[PDB]
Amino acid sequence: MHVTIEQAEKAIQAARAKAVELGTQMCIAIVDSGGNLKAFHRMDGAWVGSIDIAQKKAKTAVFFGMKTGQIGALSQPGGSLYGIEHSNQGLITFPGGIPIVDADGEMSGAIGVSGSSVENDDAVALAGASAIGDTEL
């Protein structure tokens, strides 16, 4: 199953509402199971650099079926995945990207959020993915 645009826009609205609640201005990306962009929302006032980061987080999460920070935990110096960010045109491996998981437990896409602390990025990401499905495989 592929994330629909209706589902993607509902995730963005849930993410946007959390971001406001937290006092943040976020870029919010949704990609499909191939990493191809499905929807994007740049909140007024969000950092211009967060545009690319939010999309790379969404792509990273769906490319590996993991939350983005779970990869960064493995890609430190001495880590088993050291250097992995060079692949796939550039990954982002700090928090803010989460898989979208359908009721079957199949990954249908991913959300990527950037614009604030990575903790706030992850909270907004989680609200968006939680609005339309599960988040863990």
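We number the residues from 1 along the sequence you see.
Just going by the entry, 46-54 versus 101-109 on mean CA temperature factor gives the higher value to 101-109. When the two stretches 3-11 and 128-136 are set side by side, the higher mean Cα temperature factor goes to 128-136. Looking at the C-alpha B-factors along this chain, the one for residue 81 belongs to the middle third.
Ranked against the other modelled residues of its chain, the C-alpha B-factor of residue 34 as given in the entry falls in the highest third. Residue-level temperature factors show residue 68 in the lowest third of its chain, judged at the C-alpha atom. For residue 60, the recorded CA temperature factor ranks within the lowest third of the chain's modelled residues.
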